[PDB]
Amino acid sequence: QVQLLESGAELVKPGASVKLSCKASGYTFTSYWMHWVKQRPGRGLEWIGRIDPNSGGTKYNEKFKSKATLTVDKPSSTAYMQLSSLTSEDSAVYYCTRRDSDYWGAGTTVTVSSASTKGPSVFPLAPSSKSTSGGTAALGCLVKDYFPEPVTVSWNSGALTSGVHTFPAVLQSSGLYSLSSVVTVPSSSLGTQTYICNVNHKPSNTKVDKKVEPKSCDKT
C-alpha cells in the first residue's frame, strides 16, 4: 500500500543547509497533501508544514516559516524539505506523513554539529578492589570523546551477555559523545576469567578490544 521513504542519518555543520527527501509510492503522489513533522528527544512533535504536490502550493507553521522550504519533484514522486541556517536546535528526527495518518516515513535523523570525526578513548572501569561486599562485582568500559554516533560494545567477543548494560551515549559540553558499558559478574570470577570489552566506532572505522582487570598497586 502507501509507502513513504526517507533517508537515514545526516550530519551537518551549523550555518549549513540540508535537503531531506521523501519518496512516495502506492498512491497517486499528486493527489494527497504531504505533511512534515519534527521530533526532538522527549520534546513533543511539531508540525512544520504541508505541500500540495499537484499545484506546488504550500502552508507553513509560522514557527518554521524562515527555516523550512517544501518542494516536490513530480517526475520522481518525491517530496523535499530544505532546512536552512542550521543550529543545534534543528537536530531532530524529521518525518513526512499526512494530516492525521497511519502513513509515515521511517524518519531521518539530522545532527547539527561543528565537531570532526574522532575515534573514542576507552578507559577501564576496574572491578572495585579488596574483597566483595555481596559476592557480586561490577566492571566496565568508559568509551569517551568520540564523534559522530554510534559506537557499539560487546563483551568477550560476544561470549558474555548476561548482566551487561550498555548505556545511552551522552553529548558532552565539548561536543563529543561518551558512554559506558558495564557488566556484573561474580567477585569469585575475577581471578579465573578475563573480561574484555569490544568497542567499535564504525564512523571512524575504529575498533578496540580493552581488557579490564582489578587495579594493583604493584603494577605499572
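Residue indices: 1-based, along the sequence shown.
- Message: Quick check: 110-118 versus 91-99, which has the larger average CA B-factor in the record?
- Response: Averaging CA B-factors over each stretch, the winner is 110-118.
- Out of 65-73 and 160-168, which one has CA B-factors that are higher on average in the deposited record? Higher of the two, by average CA B-factor, is 65-73.
- For the listed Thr206, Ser21, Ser25, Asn198, which has the peak Cα B-factor recorded in the PDB entry? The listed residue with the largest C-alpha B-factor is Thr206.
- Whose C-alpha has the highest temperature factor in the PDB entry: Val182, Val185, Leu45, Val153? In the PDB entry, the greatest C-alpha B-factor among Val182, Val185, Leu45, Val153 is found at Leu45.
- Query: Compared with the other modelled residues in the chain, in which third is the CA B-factor of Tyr177?
  - Reply: For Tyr177, whose C-alpha B-factor we compare with every modelled residue in the chain, the answer is the lowest third.
- Against its chain's modelled residues, does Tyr32's Cα B factor rank lowest, middle or highest third? Within its chain, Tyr32 is a highest-third residue by C-alpha B-factor, going by the deposited values.
- Message: Quick check for you: using the entry's CA B-factors within this chain, is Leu4 in the lowest, middle or highest third?
- Response: Its C-alpha B-factor belongs to the lowest third of this chain's values.
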